[PDB]
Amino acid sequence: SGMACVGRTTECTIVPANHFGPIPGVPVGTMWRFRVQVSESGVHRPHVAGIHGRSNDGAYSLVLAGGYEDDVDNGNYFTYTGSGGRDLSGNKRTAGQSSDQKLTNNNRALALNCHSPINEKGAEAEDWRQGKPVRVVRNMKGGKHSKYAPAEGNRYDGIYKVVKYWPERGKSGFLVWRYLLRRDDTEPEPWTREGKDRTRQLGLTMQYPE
């Protein structure tokens, strides 16, 4: 049973659900054992899903949890995969790819973060820094392939921005939507020495549920 089925004990209200950018008083480096806790913070509100966004506005946050084999993670930037293209009948939450992904819902949302007009064929922004920001969280299950994944739980790695997005056939040979994200943040990367020394200077530790 454990945390498989818990709701939030609390809701971040200090900003609303459609906040782009950092959540005040939640520094880069903050760690949480479980996803529900990350939601409570306001950093990444969806319980389960990879991306938080609205398809007419943008994506606010996302998570690297190694659920999608087409994710490739490079620390300072990375290539994320859109959701969907899966059959979840049977009240499932994850499956392997069984059909082509679509430029809709969160995939559309995240496409809108990119400083260039929405294009059903994908696009790049030349001035990508001027795009709408995305809170990036990394979870310990990216560790199988990524050396940037934390040993446990979830960690907040700061703001990144969608350099470009395009559709393409993934390792499974179904179409997937891919997004190139790149870091633009005021604090160091939690995995670096400097980033690590900063965690310590802030005295951040793993937060567990009360």
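Throughout, rigid core stands for the largest set of C-alpha atoms superposing within 1.5 Å between the two forms. The first residue of the shown sequence is 1; numbering continues from there.
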Once everything is fitted on the core, do the CA positions of 121 to 129 or those of 107 to 115 lie farther from the shown form in 7 other deposited structures of this protein?
121 to 129
After fitting on the rigid core, which stretch moves more in 7 other deposited structures of this protein, 27 to 35 or 173 to 181, going by C-alpha RMS?
173 to 181
Is it the case that at least a third of the other compared entries omit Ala95, given both of its neighbours are modelled there?
yes
Per the entry, higher mean C-alpha B factor between 65 to 73 and 138 to 146
138 to 146
Which wins on mean Cα temperature factor, 87 to 95 or 125 to 133?
125 to 133
Thinking about Cα B factors across the chain, which third does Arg45 belong to?
middle
Sorting the chain's modelled residues by C-alpha B-factor, tell me whether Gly58 ends up in the lowest, middle or highest third.
lowest
Against its chain's modelled residues, does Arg193's Cα B factor rank lowest, middle or highest third?
middle
Compare the C-alpha B factor of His52 with those of the other modelled residues in its chain, then answer lowest, middle or highest third.
middle
On the chain's distribution of Cα B-factors, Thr81 falls within the third called lowest
